[PDB]
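Novice: Once you've had a glance at the structure underneath, I'll fire off some questions.
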Amino acid sequence: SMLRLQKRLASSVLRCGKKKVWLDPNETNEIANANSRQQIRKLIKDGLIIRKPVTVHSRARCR
Amino acid sequence: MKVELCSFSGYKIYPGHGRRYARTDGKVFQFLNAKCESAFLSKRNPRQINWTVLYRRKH
Amino acid sequence: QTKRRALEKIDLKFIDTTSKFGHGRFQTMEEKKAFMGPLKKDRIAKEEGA
Amino acid sequence: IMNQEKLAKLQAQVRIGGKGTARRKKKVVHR
Amino acid sequence: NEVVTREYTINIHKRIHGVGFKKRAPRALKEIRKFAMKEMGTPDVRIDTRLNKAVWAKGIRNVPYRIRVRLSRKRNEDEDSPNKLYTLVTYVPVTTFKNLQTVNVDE
RNA sequence: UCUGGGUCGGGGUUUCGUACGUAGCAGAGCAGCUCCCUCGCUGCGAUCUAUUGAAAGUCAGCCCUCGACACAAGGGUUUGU
RNA sequence: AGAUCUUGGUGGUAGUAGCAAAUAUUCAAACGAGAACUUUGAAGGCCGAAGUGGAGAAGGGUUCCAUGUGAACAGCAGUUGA
Ligand SMILES: [Mg+2]
Ligand SMILES: [Mg+2]
Ligand SMILES: [Mg+2]
Ligand SMILES: [Mg+2]
Ligand SMILES: [Mg+2]
Ligand SMILES: [Mg+2]
Ligand SMILES: [Mg+2]
Ligand SMILES: [Mg+2]
Ligand SMILES: [Mg+2]
Ligand SMILES: [Mg+2]
């Protein structure tokens, strides 16, 4: 239903921002049950939460 | 059925079209439209503008 | 109608048929064709169907 | 193992975005 | 039939002309949905996200002039809805729009 | 209706000004490769030339199509000397 | 019956003025009776390190954090909330 808590916890576990947290839209219900950082940790290992890569800011044009 | 004129771009100007420019030096030009006129006023060379007659004849 | 402005015979010399959808500069299609010659659209027209 | 039916649907799940986004690595269930 | 699918091209430029900058792209999606409601007769029109990406590909004000879509009147025998049929509209990539008709497409 | 009107496509007009790519013993030159060549070829290089009045837009309140496609004898509210 | 009387209540105005400072939203899905506003994902944007970022002092005082509700409040709405 609502994943405001899980996005906040996943950010803290991944040591990234909420910008870079990817909660799988297919497994909304599975993520919704994870109400603790330990269940979040297993979600990240299993692949239901992915830390997205940094937005590209290339310096090739400057180089 | 009047005199038939030719522009800065070499195009044929039918009566009732375009403008006429008489400089102080005594020479008179006729233009077909403000595109051709402002090209001439900014001293652009018609031999380097591709759609101009003098370019087509040159190349 | 008694003034000389009226009862004056009209004798036309020329009727403008240039394009009014912009700054038209050609009276007819045929005048435009003779001035510009064949174009790319007409080249492939004479090339695809021969 | 991979067959044609498995491959054609695998292309969908690994794509989680448009051009220029990282591909999905895995989706593993474990109880 | 009534599960038909067809391939159209839409002059977005014609339907957008006159809309302000900050509303051109949103209007293009309201015009695309309004288009499908006309050529398919359905009120339920689902717009594919890859089509929404193409509409927003060049930003909010520099909308593409022409788009190639594919209307698909599928069946909504999935839940209790007033509309028994919906039109899913997708995005067809094309390199040229010259001599492109509205073609019926088989399944 | 002896159909109609739409959406595309095509043609016309028109706007700007000659697209991408490819080719050139074109190009200020520069950096390499010479058993070599007896006068050369390999790269980088704004730009120039041809392809190319080309490319792109063009009614949304421009003109004409008869080409493609689907759609249109359907809905609701009322009205009597 | 009056005191620009006191207190309380109610009208027209009037479904009117107005809900116009700081560029901007869109598609799909989920839960849900109900989605312009909630959540997720995909886009397009903004702040642009003298920030719309991360932390404190004063001041607040429990607003913090979970779960639940949808009466009233959040000048539209809300499945959301200080
Ligand atoms: Mg005019
Ligand atoms: Mg047209
Ligand atoms: Mg009294
Ligand atoms: Mg009083
Ligand atoms: Mg008002
Ligand atoms: Mg207002
Ligand atoms: Mg900025
Ligand atoms: Mg701060
Ligand atoms: Mg809170
Ligand atoms: Mg309210």
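Novice: Between E:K22 and E:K53, take the C-beta separation as r, use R0 = 22 Å, and let me know the FRET efficiency to the nearest 0.05.
Specialist: The pair E:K22/E:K53 has a calculated efficiency of 0.70.
Novice: Please identify the longest segment of chain E free of exposed trypsin sites (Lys or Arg not before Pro), where exposed means a DSSP state other than H, G, I, E or B and no more than 16 other Cβ atoms within 10 Å.
Specialist: E:1-57
Novice: Any chance you could give the angle, 0 to 90 degrees and rounded to 10, that helix A:4-14 forms with the longest Cα principal axis of chain A?
Specialist: 60
Novice: Using Cα springs under 10 Å in a Gaussian network model of chain C, which residue among C:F14, C:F35, C:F26 shows the largest mean-square fluctuation?
Specialist: Result for chain C, Cα springs under 10 Å: C:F14 fluctuates most.
Novice: For E:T96, E:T9, C:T17, E:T42, what ranking results if the residue with the fewest other Cβ atoms within 10 Å of its Cβ goes first?
Specialist: Ascending Cβ contact count within 10 Å gives the list E:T96, C:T17, E:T9, E:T42.
Novice: For chain E, with only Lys/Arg (+1) and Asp/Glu (-1) charged at the beta-carbon, what is the dipole magnitude about the Cα centre, in debye rounded to 20?
Specialist: Value, rounded to 20: 960 debye.
Novice: If you don't mind, there's one more thing I want to ask. Counting only the backbone N, which residues of region B:22-59 are under 16 Å from the spot 7 Å out from the Cα of C:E31 toward its beta-carbon?
Specialist: B:32-33
Novice: Follow-up. When Cβ neighbours within 10 Å are restricted to other protein chains, what is their mean count per residue of peptide D:16-29?
Specialist: Mean inter-chain Cβ contacts per residue within 10 Å come to 4.
Novice: Further question on the same structure: Give the Kirkwood hydrodynamic radius (Å, one decimal) of the protein assembly as shown, defined as one over the mean of 1/r across all pairs of different Cα atoms.
Specialist: Over the protein assembly as shown, the inverse of the mean reciprocal pair distance is 27.6 Å.
Novice: What do you get for the angle between helix E:24-40 and the principal long axis of chain E? Use alpha-carbon atoms, 0 to 90 degrees, nearest ten.
Specialist: It works out to around 30 degrees.
Novice: Could you tell me which of rounded, prolate or oblate describes region B:1-57, using a ≥ b ≥ c as the square roots of the eigenvalues of the alpha-carbon gyration tensor, with rounded for a/c under 1.5 and, failing that, prolate when a/b is larger than b/c and oblate otherwise?
Specialist: oblate
Novice: Mind listing which GluC sites (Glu not before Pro) in region E:1-80 are in a DSSP loop and have 10 or fewer other Cβ atoms within 10 Å?
Specialist: Sparse-neighbourhood loop GluC sites (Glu not before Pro): E:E2, E:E77, E:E79.
Novice: When the convex hull of the C-alpha atoms of region E:61-107 is computed, what volume per residue in Å³ does it have?
Specialist: 133
Novice: Hey, got a sec? Which GluC sites (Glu not before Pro) in chain C land in a DSSP loop and have at most 10 other Cβ atoms within 10 Å?
Specialist: Passing sites in chain C are C:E8.
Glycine also receives a Cβ, built like all others from the backbone with ideal geometry; neighbour counts cover every protein chain displayed. No value in this document is a laboratory result; all are computed from the given coordinates.
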